[PDB]
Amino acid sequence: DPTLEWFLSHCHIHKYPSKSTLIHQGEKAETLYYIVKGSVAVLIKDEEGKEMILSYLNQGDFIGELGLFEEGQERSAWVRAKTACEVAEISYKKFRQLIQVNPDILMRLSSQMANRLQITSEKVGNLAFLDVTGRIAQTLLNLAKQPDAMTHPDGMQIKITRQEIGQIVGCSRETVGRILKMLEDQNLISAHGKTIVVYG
């Protein structure tokens, strides 16, 4: 589409190796990014440096957009490359100029911010009233009904690790372990290495 091509023609595409930290929470924001190729993780941390993934972002996603609208904004989160990444970069100053020329580019960015807000809002509603057990159970049941869940003699099989469960619900890997054992004993799931079976 011509809007994205026009936008990219004003950007400088950079290549970063896997595990690069592209954005550090707390730093001064003066640049907008757009993923041309690759995937990243958006993360927040607690005092002990524990973690919760807010989102994965991929090809076609803007990153670092939240500091664009007000002066002196700081990065709201960490963004770390999951794979090697090809990322277009443009100063906020230049981007603001592009918006006056053709605001459709700001409509595209804002469309992504709107979706992100709806997704993050839904996660608040889904997790707020539950304790860690409730959150883990809901998480597994939700994954069991997604298209990539596979058929199993015992029910629906999902691919997920104790670590990434903990990253979704914001708890330790050990707590996940204990809760998965409990869910097995209640005859709701079966856990086998890096896969879980939710009983139907």
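One-based numbering along the sequence shown.
- In this entry, 40-48 shows the higher mean Cα temperature factor of the pair 40-48 and 134-142.
- Between 65-73 and 143-151, it is 143-151 that carries the larger average Cα temperature factor according to the deposited entry.
- Across 175, 31, 157, 59, the entry's maximum B-factor at the CA atom is seen for 157.
- Of the residues listed, 13, 179, 188, 22, the entry assigns the biggest Cα temperature factor to 188.
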